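One structure is given below, encoded as structure tokens.
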Amino acid sequence: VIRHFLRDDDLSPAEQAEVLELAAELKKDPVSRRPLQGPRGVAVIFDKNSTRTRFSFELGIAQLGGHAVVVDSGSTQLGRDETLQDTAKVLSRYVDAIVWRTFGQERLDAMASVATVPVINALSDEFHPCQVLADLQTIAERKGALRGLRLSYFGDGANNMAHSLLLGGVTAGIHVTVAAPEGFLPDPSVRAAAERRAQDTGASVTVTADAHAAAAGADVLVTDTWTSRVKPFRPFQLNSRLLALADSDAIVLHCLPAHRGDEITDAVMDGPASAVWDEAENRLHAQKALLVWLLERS
Amino acid sequence: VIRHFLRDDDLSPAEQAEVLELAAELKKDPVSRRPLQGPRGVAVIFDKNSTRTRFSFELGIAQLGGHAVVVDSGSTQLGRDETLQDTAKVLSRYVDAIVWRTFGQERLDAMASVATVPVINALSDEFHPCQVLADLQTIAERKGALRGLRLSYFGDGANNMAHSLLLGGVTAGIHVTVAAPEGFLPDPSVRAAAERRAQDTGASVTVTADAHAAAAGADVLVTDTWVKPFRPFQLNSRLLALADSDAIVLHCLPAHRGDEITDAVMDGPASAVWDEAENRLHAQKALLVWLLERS
Amino acid sequence: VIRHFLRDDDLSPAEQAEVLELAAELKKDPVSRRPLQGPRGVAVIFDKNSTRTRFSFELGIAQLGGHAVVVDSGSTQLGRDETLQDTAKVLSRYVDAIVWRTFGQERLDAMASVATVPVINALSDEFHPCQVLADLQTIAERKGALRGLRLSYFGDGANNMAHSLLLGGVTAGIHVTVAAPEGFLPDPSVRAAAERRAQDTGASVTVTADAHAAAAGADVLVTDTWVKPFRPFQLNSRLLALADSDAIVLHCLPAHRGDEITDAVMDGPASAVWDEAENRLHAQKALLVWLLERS
């Protein structure tokens, strides 16, 4: 009974492999799977609006045969006028899955503890597991492989992207380096779980403040905006020079939106190493795959 | 020429049975009717926002083959920039029905005086007839025949729910009782029309401040979110004990647990609240079908 | 390769003829053409909300088999957070076209410059070309051939409807007149481009401050919302009578009855205002279809 996806480690490696395999299949034949045919409903809920998250979910649902019901931040926020449990119980009568952008993980857990349909974290304060799914797919297609690559993330190590890349990466078997200054380290319990999960996949977790050392011989370079007070992040800028220390075949990822000239330069964003646009496109195929997998299991 | 749904008594007892029988058919086979295949448009319009009305309507529309165009209260309110008549006449060209959540009844009548397609009260200040259709549907799946049951409503006796349970209940032949505190009674015209409808069906209308007497021998106990005068009207286990042993509890939602209802009642075995939310879809679906095929 | 629609003259006269003719076929058979079957996505984005635009576009898209993702003025404005070029490249990966209600023309040009799918001007500060297609469509069904007809616009000569009726009107072969007061002239370069386009189609452009004269003999009388020196330009029974006996009136909506146009004109027998509003749906499908097969 009933699977959810609130954080990257909610999947096991084999299960993450299956989902990513299915993402490959769906990119090629986007309307070949129709488990939401009817149309069946899926809730798409935003505590804070995210436009790229709405596009990719809303079209991806429609393409699986369903109808996304989308609700804004312009509505009464979910836990204010009734408990989240009540909202979950009611929504479970209307839709086959619940996709939710929100704040703390405790709110996701609350909803997921009583729902009779899958709950999916669209993007939270702590995690961004749908983005990492698309990151991994973009890596799979660009490099032909996943296990054993060396991935480096630069910038705020406490942000949602840094956590997810840690958890999602080691699940995929990727050696993850987080390159972050001073006091912008990963939340410790996230780091412990990523190390624990790494012991089953042959991966590892490295945290350092040395942006040169983290860039050296890396296969993938990743960065995010400096908060989604900026003096400490400048050595961590993805520029031509830093990318020149990476493997010669290395690729660059950015979940977007980018602030060109701060965390990433125009040469690197617009250059041959950048997978940024395919990555963006891949939000659509990954989340599609996620849903199918979840629905056939629930 | 054109049937609308603005209040529970726009349908006749005979016709309300048709909609209800159809709603049970639709619960069993949710995609078997496709009158909106095309897709044809339906307008879904919110002067004040309602999440659960959005879910149920929008989905039910899609499952009839059509497509709902949803506008929020994050857009210019309907009667300000142009007359309600003008908007009605334009919408009429784009959609086959108009589903509107709005305030005063006069706004609904203004829109429905000139529309060439059915107009539906999604929810308003004065009635909530789609909720009562869902209420009657779930009552019917638990206790069979509707004619003759005793239904009591507790809480603010002047809000849209009481008006509608009054209007809807007697339509279906149920004996409706509003239990309200001293300064909170139904609109007297709604009250009188309910008494006028009840004569056709064998029903009756009671208004009282006696929670204990209203709860006694009751078949169905209902409440809505409400305040010191309201507390003796609370749906609690001690109030439930006075009811019939087979009694059920409905609540239109959201609940404010610890006020109008209690955790033990709403999560207890007499609670029908979840089936009650679900049937918003089925009832509204069947309403669309019924109206479209008669327009 | 890749055709956009940001101003009316983005289409050549022959290209325009095609779209309009298609509009009539799609009016007669709304679900006959299905290029976005899948559904494929189209972006519908509003820097500024517009209810009637949402309706026509969203259902248009649904009836070609696609799915409209609609984003409101209630999200971050489209350029404040990432550059437009980046937005365009990303949307080009999700949708097959971008429909956009924005402000300055340079914002549309920016998006159009790097997107790999058609970009459409749903409404902007300078132009409203989608409305004029609907206007042209409605004039065609009333009077037959468009060539050589006289159309006069009344009110603010500098607004988006004024520009678009000039460029769109002369593109169809229509003698366009703007009746505007004082210092409410058309943009000089828009007027220039209208004059060139008119030499091509063998039509003409007139701009005057004499309403009486502009009304005289005209086939089509048009107006938009406005406030003091516009009062001699009102569409009243008087001004209508000075036109041709078989004239028609258009108004893009919403109308402030009593100001730019009176009750008796608007609810009269020369008023094509509701057909004009219906045809927003049909003309924008035709544009979608046309632009898509060329991209």
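Neighbour counts are summed over all protein chains in view; Cβ atoms, including those assigned to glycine, are modelled from backbone coordinates with ideal geometry. Numbers and lists here come from the model and the stated rules, or from a named source; no laboratory read-out is quoted.
Couple of notes before you dig in:
- Flag for B:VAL99 being under 20 Å from the mean Cα position of the chain (by Cα) and under 30 Å from B:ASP29 (Cα atoms): yes
- Residue satisfying condition, being away from chain B (no Cβ under 14 Å) and over 19 Å from A:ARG3 (Cα atoms), within set A:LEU123, A:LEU59: A:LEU59
Every residue, every condition in (1) among the aliphatic types (A, V, I, L, M); (2) farther than 27 Å from B:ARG257 by Cα; (3) facing chain B (nearest Cβ under 10 Å), yes or no:
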residue: A:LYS28; (1), (2), (3): no, yes, no
residue: A:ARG34; (1), (2), (3): no, yes, no
residue: A:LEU64; (1), (2), (3): yes, yes, no
residue: A:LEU91; (1), (2), (3): yes, no, yes
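- Subset of the range A:42-56 [β-branched (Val, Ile, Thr), facing chain C (nearest Cβ under 10 Å) and surrounded by 23 or more Cβ atoms within 10 Å (Cβ to Cβ)]: none
- The range A:107-146: number of residues that are more than 18 Å from the chain's Cα centre (by Cα) and outside the structural domain of A:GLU21 (by CATH): 3
- When residues in the range B:46-60 are screened for being facing chain A (nearest Cβ under 9 Å) and β-branched (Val, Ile, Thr), 1 of them pass.
- Candidates are the residues of the range B:202-216 that are surrounded by fewer than 20 Cβ atoms within 10 Å (Cβ to Cβ) and under 20 Å from the mean Cα position of the chain (by Cα); the one that is nearest to B:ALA17 (Cα to Cα) is B:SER204.
- Taking the range B:104-113 as the range and being in a loop (DSSP other than H, G, I, E, B) and more than 18 Å from the chain's Cα centre (by Cα) as the test, only B:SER113 passes.
- Qualifying residues in the range B:266-291 (those that are away from chain A (no Cβ under 14 Å) and farther than 15 Å from B:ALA23 by Cα) - the one surrounded by the fewest Cβ atoms within 10 Å (Cβ to Cβ): B:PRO269
- Within the range B:23-44, if we keep just the residues that are among the hydrophobic types (A, V, I, L, M, F, W, C) and in a loop (DSSP other than H, G, I, E, B), the residue that is farthest from the other protein chains (Cβ to nearest Cβ) turns out to be B:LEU36.
- Being within 20 Å of B:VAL19 (Cα to Cα) and touching a strand residue (DSSP E or B) at 6+ places or on another chain (Cβ under 6 Å) holds for only one residue in B:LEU151, B:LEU146, B:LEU166, B:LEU133, and it is B:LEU166.
- From the options C:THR116, C:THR171, residue that is among the β-branched types (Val, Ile, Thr) and assigned to a helix (DSSP H, G or I): C:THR171
- Which listed residue, of A:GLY74, A:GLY144, A:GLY104, is over 18 Å from A:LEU290 (Cβ atoms), surrounded by fewer than 19 Cβ atoms within 10 Å (Cβ to Cβ), within 11 Å of chain B (Cβ to nearest Cβ) and not β-branched (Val, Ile, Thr): A:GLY74
- Residue ranges of helices (runs of 4 or more DSSP H) in the range B:187-295 with at least 2 members closer than 24 Å to B:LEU167 by Cα: B:188-201, B:211-215, B:273-292
- Helices (runs of 4 or more DSSP H) within the range A:179-298 that include 3 or more residues out of contact with any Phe, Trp or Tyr (no Cβ under 9 Å at 6 or more places or on another chain): A:188-201, A:240-243, A:266-269, A:276-296
- Residue, surrounded by the fewest Cβ atoms within 10 Å (Cβ to Cβ), within the range B:64-84, restricted to residues that are more than 10 Å from chain C (Cβ to nearest Cβ) and in contact with a helix residue (DSSP H, G or I) (Cβ under 7 Å, 6 or more places away or on another chain): B:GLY79
- Any hit, the range B:44-51, residues being in contact with a strand residue (DSSP E or B) (Cβ under 7 Å, 6 or more places away or on another chain), within 16 Å of A:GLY65 (Cα to Cα) and not polar (S, T, N, Q): no
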